[PDB]
Amino acid sequence: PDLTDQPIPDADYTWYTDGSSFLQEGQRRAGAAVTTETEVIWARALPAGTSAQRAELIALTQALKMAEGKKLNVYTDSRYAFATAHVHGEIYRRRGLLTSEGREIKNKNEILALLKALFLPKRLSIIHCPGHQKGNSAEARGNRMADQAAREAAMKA
Ligand SMILES: [Mg+2]
């Protein structure tokens, strides 16, 4: 409870990611975004039905891919995203498609990509600090910018 990576002191990039998924009355609309404090560096309207969790992972994976070879500090408004980047990768890499007990592995394909994407950046820190997602600081600013951009990419699905 309440865990996070420490931000890299000399980061090349400082981004905020967010996945948004909601029903616009009947249909499920999802969107992902990677932004700075003032600019949207990447946004994409997502396939209908995409869960908020899957969207939050897609956003984060995308940020990692764009930060290849660089030092990245990325903030996630999701507890799921940070937690997912700290799962026991070993499980997602055993032989077969299912868990040991024989069930399906939730979001196996995204998590597998997230895990690979993790080492594209030269140095990486995934910060999850809710106490600053509100108010007026670079973080609150950045959280709003990303939650807004993702929200909009969905609305324009
Ligand atoms: Mg979110």
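As the structure lists them, so they are numbered: ligands from 1, and atoms in each ligand from 1. Numbering of residues begins at 1 and proceeds along the displayed sequence.
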Please find the N/O/S atom of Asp18 nearest to the Mg ion (ligand 1) and write down its name.
OD1
Check salt bridge (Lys or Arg N to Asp or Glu O under 4.0 Å) between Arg141 and all other residues, then give those that pass, not counting sequence neighbours.
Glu37
Would you check if there is a donor-acceptor pair between the side chains of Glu139 and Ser137 at a distance under 3.5 Å?
no
Of the options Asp18, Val34, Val74, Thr84, which is the one that meets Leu60 in a side-chain contact (heavy atoms from CB on, under 4.5 Å)?
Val74
Under 2.8 Å: N/O/S of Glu56 next to the Mg ion (ligand 1)
yes
Check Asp77 and report its N/O/S atom nearest to the Mg ion (ligand 1), by atom name.
OD1
Polar contact flag, side-chain donor to acceptor under 3.5 angstrom, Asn73-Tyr16:
no
